[PDB]
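The chain below stands alone, shown as structure tokens; this is the form deposited in one PDB entry.
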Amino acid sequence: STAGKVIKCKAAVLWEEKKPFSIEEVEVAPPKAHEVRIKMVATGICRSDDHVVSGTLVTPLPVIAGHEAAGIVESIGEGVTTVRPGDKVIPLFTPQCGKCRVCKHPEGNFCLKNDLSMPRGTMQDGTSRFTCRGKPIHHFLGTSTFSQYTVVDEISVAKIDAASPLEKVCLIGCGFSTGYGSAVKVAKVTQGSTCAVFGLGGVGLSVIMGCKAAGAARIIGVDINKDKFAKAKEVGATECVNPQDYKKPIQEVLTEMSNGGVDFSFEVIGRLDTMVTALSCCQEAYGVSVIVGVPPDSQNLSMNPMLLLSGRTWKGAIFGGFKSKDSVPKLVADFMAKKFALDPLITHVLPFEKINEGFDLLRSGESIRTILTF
């Protein structure tokens, strides 16, 4: 029916930064060779989407953001093998071409075909598949999930369990997988250890989930929003700290609390200052600190190199270290097998048209994850 035809549908377009998303009627071109058109079912609102609006994260505008979602394959372009119409799929913002040096490496997951380092806002052939009022609109991370339909590259999609709850498993497109793997895969949190997690939003709580599943003996959640505490305890935190309650720095407090420093700390906010503090918090001779938060564009932090010379380790990771195509489908199965829970991350469900309301809840600090249903 729609196959081979330009679809006219609704999409939330961001024309200028610091503006609300305007639901517009856009024309989604049919998938070219090796591309896949997807009908969106559920998409989550991640902080990185808000960074685009805030101007924190620079990307070509106008653009259709959205990168955490799950849908159904409508049509596939010429050459597509991995999926076919009717398939349930999760678009992957970190592709997996399986051909570059990174994809061929045992532990790298930052595929060279990504559109993150230097965003272009186009398809692999450098063109867009979205038009609004005769004006081409940019893609976002090769995903652009804030649209009833979207076109992604074959390398940027994973087929998932046909029986999976699309309205929940969408969290596996970013938030969950990022948090879980940051603790489990990047930091490789050990049993009995003490962990510190700065930022208790969807991604942070998923970090706590990873730490808890890794058998962490102590998991101290850190946030300036106390209303996050109860939910944090719920998913694993053993204690929660609000930096506003003290007269001394949180690094001093956390070091005193942990008797010399934590074993693993995670920065899940996106602030330069909290990135340094998370480093300082870990034990000087063997602590490990992982940056999960996305920093403001072009900002450089300053730190004393002696923090590392004593023995600390500092690393970062996109998508929790998971090779997208390989991991997403297996992560979904683990969900179907009740190996972990996504339910505590979802605080609100709203229809797609109410996206702006969904971003205000996040900015207000009233929600963890809001899922948008089409």
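We number the residues from 1 along the sequence you see. What we label the rigid core is the largest C-alpha set whose atoms superpose within 1.5 Å from one form to the other.
Keep in mind that the form deposited in another entry is not shown, yet the notes after this line are about it.
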| property | result |
| --- | --- |
| Rigid-core-referenced C-alpha movement of 2 Å or more between this form and the one not shown, selected from 73, 166, 240, 102 | 240 |
| Residue 311 C-alpha shift between this form and the one not shown of 2 Å or more, rigid core reference | yes |
| Core fit, then residue 261 C-alpha moves 2 Å or more between this form and the one not shown | yes |
| Did residue 299 shift 2 Å or more between this form and the one not shown, C-alpha, core superposed | yes |
| Pair residue 113/residue 296, Cα separation in the other entry versus the displayed form, closer or farther by 3 angstroms or more | closer |
